[PDB]
Amino acid sequence: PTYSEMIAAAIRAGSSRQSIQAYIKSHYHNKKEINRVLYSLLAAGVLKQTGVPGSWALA
Amino acid sequence: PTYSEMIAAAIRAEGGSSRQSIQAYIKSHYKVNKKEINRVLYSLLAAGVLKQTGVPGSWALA
DNA sequence: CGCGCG
DNA sequence: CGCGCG
């Protein structure tokens, strides 16, 4: 479905960008593209950051 | 001339040079983006040709 | 190496 | 907004 729901499913299943990226490919693109979506949701209040590497979780 | 030669020439003409300073000098003396300049500046930093002196940081010969 | 950057 | 990154 939409990238936000696929990322939400990855977190439900603190998850990193690499974890989220691997969940989407193995269940359903490049590091830059996924990062843009992750930071767009962070700007909108859907996600929260917890570093190096970037760990993501649902707000 | 090579990027190292253009960058050095930009640094000497400064009256301590910023990336935009080096970029503007090159673009009006030879008319040759941000990633390509920073690639060379930070490479010449690694080889000891240049030194940093902040945000975005100023460049100078070593 | 965190990088998403326009 | 520092970004050079591969």
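X-ray crystallography is the method the PDB entry lists for this structure, together with a resolution of 2.7500 Å.

Chain B is annotated in the PDB entry as Histone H5,Double-stranded RNA-specific adenosine deaminase of Gallus gallus.

Chain A carries the name Histone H5,Double-stranded RNA-specific adenosine deaminase in the PDB entry, which gives Gallus gallus as its organism.

J.: Please clarify how the overall build of chain B should be interpreted in this entry.
T.: Of the regular secondary structure elements, chain B holds three helices and three strands. Each helix and strand of chain B, ordered N terminal to C terminal, gives the series α-β-α-α-β-β. Here the C-alpha atoms of chain B give a radius of gyration of 10 Å, agreeing with the 11 Å that 2.2 N^0.38 yields for 62 residues. Here the C-alpha coordinates of chain B stretch approximately 25 × 20 × 20 Å along the principal axes. Burial status across chain B gives 32% buried among its 62 residues. Surface exposure of chain B reaches about 4000 Å², of which carbon and sulfur atoms provide 54%.

J.: For this particular structure, what's the right way to read the protein's contact with DNA strand C?
T.: Residue and element names in this part refer to chain A. As a structural note, the neighbourhood of DNA strand C is formed by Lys31, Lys32, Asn35, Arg36, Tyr39, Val52 and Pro53. Here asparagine 35 contributes a side-chain N or O atom positioned 2.8 Å from a phosphate oxygen of DNA strand C. Its residues placed into classes, the surface near DNA strand C shows three nonpolar, one polar and three charged.

J.: How should I be thinking about the pairing of strand β3 (residues 55–58) of chain A in this particular structure?
T.: Regular strands place their side chains on alternate faces of the sheet. Residues and elements named next belong to chain A. Both strand β1 (residues 15–16) and β3 contribute to a ladder of two bridges, which runs antiparallel. Among the inter-strand pairings, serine 15 is bridged to a residue of β3, identified as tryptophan 56. As judged from the three bridges shared by strand β2 (residues 47–49) and β3, these two strands associate in the antiparallel manner. When the bridges of β3 are listed, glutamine 49 appears paired with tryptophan 56.

J.: How should I be thinking about the pattern of salt bridges in this particular structure?
T.: Side chains bearing opposite charge may pair, as long as their charged atoms lie close to each other. Scanning all chains against the criterion turns up two salt bridges over all chains. Of the charged contacts in the structure, one is a salt bridge between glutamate 33 of chain A and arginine 36 of chain A, with a shortest N-O distance of 3.4 Å. With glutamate 33 of chain A and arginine 36 of chain A both in helix α3 (residues 31–44) and three residues apart, the pair spans about one turn of that helix. Exposure remark for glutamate 33 of chain A: the relative accessible area of 28% places this residue in the partly exposed category. One salt bridge in this structure joins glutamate 36 of chain B and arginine 39 of chain B, with 3.3 Å as the shortest N-O distance. One end of the pair is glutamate 36 of chain B and the other is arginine 39 of chain B, both in helix α3 (residues 34–46) and three residues apart, which spans about a single turn. You can call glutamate 36 of chain B partly exposed: its relative accessible area is 30%.

J.: For this particular structure, what's the right way to read the protein's contact with DNA strand D?
T.: Residues and elements named next belong to chain B. In the vicinity of DNA strand D, the contacting residues are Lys34, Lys35, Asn38, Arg39, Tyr42, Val55 and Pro56. A breakdown of the atoms of DNA strand D within 4 Å of the protein gives sugar and phosphate a share of 96%. One of the side-chain N or O atoms of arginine 39 is found 2.4 Å from a phosphate oxygen in DNA strand D. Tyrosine 42 is positioned with one of its side-chain polar atoms (N or O) 2.7 Å from a phosphate oxygen of DNA strand D. The residue inventory of the surface near DNA strand D, partitioned by class, reads three nonpolar, one polar and three charged.

What counts and how
- Residues numbered from 1 in each chain as written, not as in the entry; some residues may be left out.
- Chains lettered and ligands numbered in written order.
- Heavy atoms only, no water.
- Helix = DSSP H or I, 4+ residues; strand = E, 2+ residues; numbered from the N terminus.
- Rg over C-alpha atoms; globule rule 2.2 N^0.38 Å.
- Buried < 20%, exposed > 50% of the residue type's maximum accessible area, 1.4 Å probe, protein only.
- Areas by Shrake-Rupley, 256 points an atom, 1.4 Å probe, with all protein chains shown as cover.
- Near = heavy atom within 4 Å.
- Polar contact = N/O pair within 3.5 Å; in protein donor to acceptor, adjacent residues only side chain to side chain.
- Nonpolar A, V, L, I, M, F, W, Y, C, P; charged D, E, K, R; others polar.
- Pairing = 2+ DSSP bridges.
- Salt bridge = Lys/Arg side-chain N within 4 Å of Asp/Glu carboxyl O.

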